[PDB]
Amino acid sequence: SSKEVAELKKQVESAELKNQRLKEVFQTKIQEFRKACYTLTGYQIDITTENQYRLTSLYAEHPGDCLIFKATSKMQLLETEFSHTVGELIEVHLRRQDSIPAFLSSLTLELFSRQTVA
């Protein structure tokens, strides 16, 4: 019937509208969430083209300095130009302490100390 045809055409538009909205509010929310995680923790967390996590510090001293972590429950730090400059931090906190959070926290404080003015 034209009756059912008209009711269904409206349903299709409604269904498409629900999906379209799901796209827009997701976009805004994660960019809000991404900006919040960056301002709070001090690290830019990017999921790279290999399902890897590349991190950039708010206090990075040179553009391009980054840390790359590989995922498998445990996460392995991979080799980067900046990885070599902090071998000392990696030894204390990643191996002895077995704590990525203690590692990144110590790095942030060290980078913040050298970022200061005057």
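The first residue of the sequence shown is number 1, and the count goes up from there.
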Exercise. How much of the deposited sequence is absent from the coordinates between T39 and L40: none, 1 to 3, 4 to 9, or 10 or more residues?
Worked result: none
For this session: Please work out which of 74-82 and 40-48 has the higher mean CA B-factor as recorded in the PDB entry.
Result: 74-82
For this session: Between 99-107 and 10-18, name whichever shows the higher mean Cα B factor according to the PDB entry.
Result: 10-18
Seminar exercise, completed: Of the three thirds of Cα B-factor ranks in this chain, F26 occupies the highest
Exercise. Looking at the C-alpha B-factor of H62, is it in the lowest, middle or highest third of its chain?
Worked result: highest
